[PDB]
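Before any comments, here is the structure.
No Cβ is skipped: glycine too gets one built from the backbone with ideal geometry, and neighbour counts run over all protein chains shown. Rule-based calculations on the coordinates, nothing more; no lab input.
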RNA sequence: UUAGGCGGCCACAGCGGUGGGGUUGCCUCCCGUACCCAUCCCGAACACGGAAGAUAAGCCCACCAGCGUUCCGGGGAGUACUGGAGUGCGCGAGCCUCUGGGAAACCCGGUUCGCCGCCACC
RNA sequence: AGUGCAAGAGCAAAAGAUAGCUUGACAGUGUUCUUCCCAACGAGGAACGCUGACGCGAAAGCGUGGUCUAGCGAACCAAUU
RNA sequence: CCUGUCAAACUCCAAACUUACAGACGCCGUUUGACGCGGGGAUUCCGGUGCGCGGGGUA
Ligand SMILES: [Cl-]
Ligand SMILES: [Cl-]
Ligand SMILES: [Mg+2]
Ligand SMILES: [Mg+2]
Ligand SMILES: [Mg+2]
Ligand SMILES: [Mg+2]
Ligand SMILES: [Mg+2]
Ligand SMILES: [Mg+2]
Ligand SMILES: [Mg+2]
Ligand SMILES: [Mg+2]
Ligand SMILES: [Mg+2]
Ligand code: NA
Ligand code: NA
Ligand code: NA
Ligand code: NA
Ligand code: NA
Ligand code: NA
């Protein structure tokens, strides 16, 4: 990489297909999850806040409590355990 | 419409019926919404909750089924709104609903407006709702006084046949009084 | 149910490929195992496709090989009809064979090593640089094709 | 410089003029020859087909075209036929002309990438294939071996 | 069908596009109600570089205020045809524009469930000439 | 749902067009400014008060595929590309065989002129 | 289109424009991610909280500076609260 | 309308494939204690080649 900022090489993953462009539906930004639930991490290009580091796009973690309205999701980066602060807007129920 | 890349608004935005930015803010509270809506002739009040396939209305009141309790006056006015709010609020209470946030859809937050009257009613019914007292009408106007005085400048009945010639803010009291005890569907 | 025989060594073969053979209980060249025809097992043999010989053997052939190269989970003991009868659910090799072919049981389930340690092919095989359709010995075989290999390695 | 230096298609496609400046102009004079006023309303249609993917420098295109069309004057300056070279030299080519240090070359030309089996030239003629000859001379000035193919023409 | 299809005047805009005013006064008397400032956009050579800047006024008249005005405006104009909108409007003159449309226009001007008026229900140049011409004057 | 309100999915729902519908549950347009409220100017809008009129807009209902979109059949195509293997071919660039996957454009024919949830309601 | 400035991304009853008001560019203290994928490492940065005090709004709510990723600096010493 | 071509810093499309998590089979672990935790001791931080994919370069 020519630089090392968080958004380095995120042109694709943080861009919407032309038709999914524009404010996203509120339903999924208000979704409620319970501790223990499995959630898929995926930033919604249209929603600025509640994001996590792009490197974790695609992960599937375990909700374990929350902080404010945001959720605390536990994932395992390679072999390291990490806790991610993320809002519902960027989460989806597994299965 | 024009091509593959074209962006078509969400249906309720096309229909110019739902303000999604306000909606999200509303849903933040995590509380039920007190949906205050108006029509040229009527005023509706619903207590809506969030659902898997769409909203769920747990209690509602329409200015039309107000007569069902002794309403013999027009239904597109202030006194009408308040009562419809109180009615819906009561049914709300019966349903086990204790609090809600006021959703006035695409209407304007004008002081003394009917939506706020609806809000006042629901609150008095027992519903706990975030509000601001000096944005509401001064009781008398809610009673329908502004209209009675307007008919004082008579010369010709404000009401085409309807009921009374000089109107009745008293009819208002009789009804509120009624709603505050017993009766069916409450 | 297919018969699997490793015909190519470990040196230079992908690790994820070698681990697969190992999960199929084959850890040496000329070692054979019997595998049920399932989705899960099918994917495994496909991955191993280039270093092995496989196919559905005939009742007879299986019996010859079972008799000749079957072993107890532990020990020298010859697996003959009597052994089969005094140690398994079946009454003789044929009975076991049939059960294996109809995928009703497995060598382990009957207290036998999952591996049939074969002998080099008498007369030599068709080569390990080309598949069957090319005259080689790698890949899926005919029942008649597997039988010949198995019998030559009896 | 020799074609040996640029005939292979081993490098990335390099055609974005928004990020490349100083690109030499093309030596190819025309792409439509003959009676361009008329449309392919001819009985016979022969094509020069390249048999290997290669890069053809605008240099070779011009010499190949000239040698063919300049010859198609066995029919006359205003003869009845139309000649078309369908490819354009999009690929920008460099040269490192310090040693291997900071070697990214400077633009020295352009070339066209042709895949084996594509037709680089297409001529339209009435039963009067002098064009077949114009091409024996054309594939003479381009890197690859070529196939002279005739399409509408069962007049053998 | 008709009655709700017959044209009507919706606002008449009288504006004086000056280039920097004292002109409001006359607009107030010529119409009958306060004029509104006209800010301009973009910086330009006519020493008009100022973005927010009074550069004229306008007056939107509705109902009687519009008629009582046209009842003297029109007479001071001759033109017609070609000088008409494709939507049945027309501007003449100091400018005086007349916006014309049919009964259900509020549908496109309100906040809730607003909607664009269908081409069929739109007012044509012709259907416009008729209405007005049929009101104290002549076309072309 | 003989017309409503809040929505979920967010073009299968868009764009365009045709036909039908209202003494009333209704929604609208509509009529009107004493009030609450309102226009940097206008009761246009917003807000309030109201029914003389109308179904022409909207809206609801039925339908049309010309454009856009979704999915499907057949063709393109098991082509392009590709994970694994080869003492197969080729001066080479590169190609081929076996094995496991497998497209896009485009053409022709169907589909699509929304679906679903909660509440209210001759 | 615009949104201060690279490039890429986000944004339409707005994240843009206009008007008005306001000083949350607030004090204190944390959680987590980043810096440094995996995998230890400081300053710095960000996300998301809490406590306190405030601004605006009918209210839900928004405001931990600028829509997002650059704009930064140890110990010793000095000055300052 | 017709007709001729392209893209590492284009995309209406779009693989093979890589990858998070979960279940199943396999293999493995519960006297051979896996997975993991804590601690002691290093060596090492000139690498090279083949194949696939590369970027630079006439090579
Ligand atoms: Cl994060
Ligand atoms: Cl409403
Ligand atoms: Mg990329
Ligand atoms: Mg043993
Ligand atoms: Mg021998
Ligand atoms: Mg041999
Ligand atoms: Mg109609
Ligand atoms: Mg911010
Ligand atoms: Mg020092
Ligand atoms: Mg100092
Ligand atoms: Mg990769
Ligand atoms: Na979106
Ligand atoms: Na130098
Ligand atoms: Na040649
Ligand atoms: Na001003
Ligand atoms: Na209608
Ligand atoms: Na830090």
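Of the residues in segment E:53-72, how many are outside any helix (DSSP H, G or I) and farther than 15 Å from residue E:17 by Cα? Give the derivation first.
Step one: of segment E:53-72, the residues outside any helix (DSSP H, G or I) are E:53-63.
Pick out the ones that are also farther than 15 Å from residue E:17 by Cα and you get E:61-63.
Summing the residues that are outside any helix (DSSP H, G or I) and farther than 15 Å from residue E:17 by Cα in segment E:53-72 gives 3.
Residues that are in contact with a strand residue (DSSP E or B) (Cβ under 7 Å, 6 or more places away or on another chain) and under 17 Å from residue C:3 (Cα atoms): find the helices (runs of 4 or more DSSP H) completely inside segment C:59-154 holding 1 or more of those.
Values: elements: C:59-69, C:81-87, C:93-101, C:143-152.
It comes to C:59-69, C:93-101, C:143-152.
For segment E:1-27, enumerate the residues that are farther than 30 Å from residue E:43 by Cβ and out of contact with any strand residue (DSSP E or B) (no Cβ under 8 Å at 6 or more places or on another chain). Full working, then the answer.
Filtering segment E:1-27 for residues farther than 30 Å from residue E:43 by Cβ gives E:1-12.
Once the filter is applied, which keeps residues that are farther than 30 Å from residue E:43 by Cβ and out of contact with any strand residue (DSSP E or B) (no Cβ under 8 Å at 6 or more places or on another chain), segment E:1-27 yields E:1, E:2, E:3, E:4, E:5, E:6.
Do we have residue C:105 as under 30 Å from residue C:90 (Cβ atoms) and touching a helix residue (DSSP H, G or I) at 6+ places or on another chain (Cβ under 6 Å) here?
Details: under 30 Å from residue C:90 (Cβ atoms): yes; touching a helix residue (DSSP H, G or I) at 6+ places or on another chain (Cβ under 6 Å): yes.
In short, yes.
If you go through segment A:4-17, how many residues are closer than 24 Å to residue B:21 by Cα and away from every other protein chain (no Cβ under 12 Å)?
Start the filter on segment A:4-17 by keeping residues that are closer than 24 Å to residue B:21 by Cα, which leaves A:14-17.
Those still in the list that are away from every other protein chain (no Cβ under 12 Å) too: A:14-15.
Looking only at that region, the number is 2.
Answer with yes or no whether residue C:107 is closer than 18 Å to residue C:28 by Cβ and surrounded by fewer than 18 Cβ atoms within 10 Å (Cβ to Cβ).
On the way: closer than 18 Å to residue C:28 by Cβ: yes; surrounded by fewer than 18 Cβ atoms within 10 Å (Cβ to Cβ): no.
Judged against the criteria, residue C:107 is not a match.
From the list E:14, E:44, E:59, pick out the single residue that is more than 16 Å from residue E:95 (Cα to Cα) and more than 16 Å from ligand 1 (Cβ to nearest atom). Walk me through it before giving the result.
Details: E:14 fails: more than 16 Å from residue E:95 (Cα to Cα); E:59 fails: more than 16 Å from residue E:95 (Cα to Cα).
Just a single option satisfies the conditions, and that option is E:44.
Conditions tested, residue by residue: (1) part of a loop (DSSP other than H, G, I, E, B); (2) surrounded by 15 or more Cβ atoms within 10 Å (Cβ to Cβ); (3) within 14 Å of chain B (Cβ to nearest Cβ).
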{"site": "A:2", "(1), (2), (3)": "yes, no, no"}
{"site": "A:19", "(1), (2), (3)": "no, no, yes"}
{"site": "A:31", "(1), (2), (3)": "yes, yes, yes"}
{"site": "A:43", "(1), (2), (3)": "yes, yes, no"}
{"site": "A:49", "(1), (2), (3)": "yes, no, yes"}
{"site": "A:55", "(1), (2), (3)": "no, no, no"}
{"site": "A:62", "(1), (2), (3)": "no, yes, no"}
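Among the residues of segment B:28-59, which ones are within 13 Å of chain A (Cβ to nearest Cβ) and assigned to a strand (DSSP E or B)?
Matches in segment B:28-59: B:33, B:49.
Just the residues that are out of contact with any helix residue (DSSP H, G or I) (no Cβ under 8 Å at 6 or more places or on another chain) and outside any loop (DSSP other than H, G, I, E, B), please, taken from segment B:148-170.
Matches in segment B:148-170: B:149, B:150, B:151, B:152, B:170.
Just to check your reading of the model, which residue among C:53, C:99, C:40 is farther than 27 Å from residue C:129 by Cβ and surrounded by 15 or more Cβ atoms within 10 Å (Cβ to Cβ)?
Working: C:53 fails: farther than 27 Å from residue C:129 by Cβ; C:40 fails: surrounded by 15 or more Cβ atoms within 10 Å (Cβ to Cβ).
One residue alone meets the criteria, C:99.
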